[PDB]
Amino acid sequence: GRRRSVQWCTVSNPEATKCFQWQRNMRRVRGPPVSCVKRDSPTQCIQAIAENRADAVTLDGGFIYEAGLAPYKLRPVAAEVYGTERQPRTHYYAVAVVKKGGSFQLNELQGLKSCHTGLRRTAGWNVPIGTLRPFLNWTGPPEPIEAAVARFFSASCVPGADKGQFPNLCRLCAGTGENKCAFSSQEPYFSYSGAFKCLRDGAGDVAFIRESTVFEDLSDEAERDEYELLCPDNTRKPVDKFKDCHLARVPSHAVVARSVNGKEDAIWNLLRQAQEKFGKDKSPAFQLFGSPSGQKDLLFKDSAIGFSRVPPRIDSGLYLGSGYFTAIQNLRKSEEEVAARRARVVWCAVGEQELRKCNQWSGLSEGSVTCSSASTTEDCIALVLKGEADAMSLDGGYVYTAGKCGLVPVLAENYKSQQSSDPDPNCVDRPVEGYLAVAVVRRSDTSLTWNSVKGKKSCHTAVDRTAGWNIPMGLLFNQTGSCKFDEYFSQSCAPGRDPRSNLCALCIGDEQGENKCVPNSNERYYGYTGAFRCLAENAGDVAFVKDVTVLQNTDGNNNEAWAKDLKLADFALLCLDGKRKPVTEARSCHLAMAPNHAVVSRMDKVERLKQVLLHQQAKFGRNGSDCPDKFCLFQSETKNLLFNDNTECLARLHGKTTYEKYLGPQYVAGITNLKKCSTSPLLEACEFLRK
């Protein structure tokens, strides 16, 4: 009984009214049902929703943040759309509006009077206070940040502030008696228009609102030129140049619901129908995005032009963006705590084995490196977007996904280069050469060739990895044209695939026999080493790995049980011409050349990450002073934990600073094509956040 009715939570009485009208028009055109619940605040609606007593509520970014925390854990499911039909946007601008006449700039606001939309709201609080922080002389956490704002502005109106504790922040508010400084429309200086009115009336000298307000409340183009914008470059510009004069670019308000049983489908269904039937100029009888004369923004932003569905993988953190998300958090931290986080590198480990090795490295980094972890690589990418993690080394296939999500390459894993050979002094500056993706089979299976590989059993490092997937499948796909990847081979072990699929049939999970097909080291057949093992133990007939994998795991080079006796001569490669050669002849018998694995991070961490890694590798690197004695980064004994064990050093990119330039035009084209057959939820999430 999920769609019976969607229960919208209102925060005020006039809002309740509108919610009721909407209820009847939905019952007058025979659309999905909607019922209304009352409360007196966002927080209450947030609680109402988590306690199964309501289904949805529209919130500003600031409360999207609160709603995603601990008890509640709600998620955005639908964003508001603004702009025009020709150029829609699911974001808006936080600006600072002043009157034409004064001469003061953004850095000269000390002692002036301010007008805010409400405490903890995006444009009215979070952004302006985050931006002015260097001028506040705030000492940190015991002392609330409000207190410091109270001394900076001689007087303000900050709806919802504790007027008993911060009287200065309620001074200019126009509410009557108990409605003075109330977080509701009872306070006339509340929200975007309220804060703007506070400016027009001359009560305050500056207003912190959004870019559209001045245009929504002032019809006469003439009255608009009496106002200007404060730009962060300490200049003033017309209110129409907000694209070039804003404090921040922020995500649009969004409808939230619970993560578990939210009734997302029901919510989305109601909205879409509501939007079609009552959107901008659809029916005079009702305006979903319109509000009564003396009222503003009831249930939704007036003049919003529709909704855009938010992808499933997105949670509150991802929605807000790394900048804004971590900016909120920093408002509750001291400048020393913030600068310390800025100085440290948080690594993401994929799996307990990687976390273990990571912890060991951390305990020896003199405070420069710490750890975090997830069970998949994609989940680790998400933590880097949320700022909970900063870096990790990825196969080229994941560098694609990471790039489409806005991350960038910093350094690459350099491997024992072609015999220019000798422990290279300038390894860090030696251009990368990529590696060789090959197809490996047992020497005895004499009939097996590239032309007859289809239909047999296959072993892959993991889905979406270069040598293990993108290259093999890409070649096959280029022939048939089928998107049915699970029919290319009878059975396989392709970690990260659907467990009940054939692509998981040969996988064997951990020693206990659990985690079958999981994309991390617990699956014994995972990665370069795991896919080889899959072949050597006779599970599959061909393994898609790199040439050095076979070398590093035969002739006693790996003294583990399954591999102790394997010999290099018991294996051969399948060449694209139908022939077969020994592993030692991979330069003339490979499927393609793959880009070196690379370390990725957010743009704001590149410099710091780089100096740390360079330092760390000089200590624990290949010729690391303290390598054998204490710790070696590039060693883990064929498990390839955190980095490939054959990494000589982490080297510079020489200008290839974007994933497109680093991966190359051909390889990117290749993956893009493969992606038409299916995309990951993460890839879907990032397409949405980049729009």
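Just count from 1 along the sequence shown to find any residue number.
When the mean C-alpha temperature factors of 105 to 113 and 204 to 212 are read from the deposited coordinates, 105 to 113 comes out higher. Stretches 681 to 689 and 3 to 11 differ in mean CA B factor, with 3 to 11 having the higher one.
Per the deposited coordinates, the residue with the largest Cα temperature factor out of 264, 585, 547, 604 is 264. The maximum CA B-factor among the listed residues 379, 388, 178, 413, taken from the PDB record, is found at 178. Ranked within its chain, residue 138 lands in the highest third, by CA B factor from the PDB record. The deposited CA B-factor of residue 643 belongs to the lowest third of values across its chain.
Split the chain's modelled residues into thirds by C-alpha temperature factor. Residue 45 is in the middle one. Sorting the modelled residues of the chain by their CA temperature factor places residue 666 in the middle third. Per the PDB record, residue ranking by Cα B-factor puts residue 657 in the middle third of the chain.
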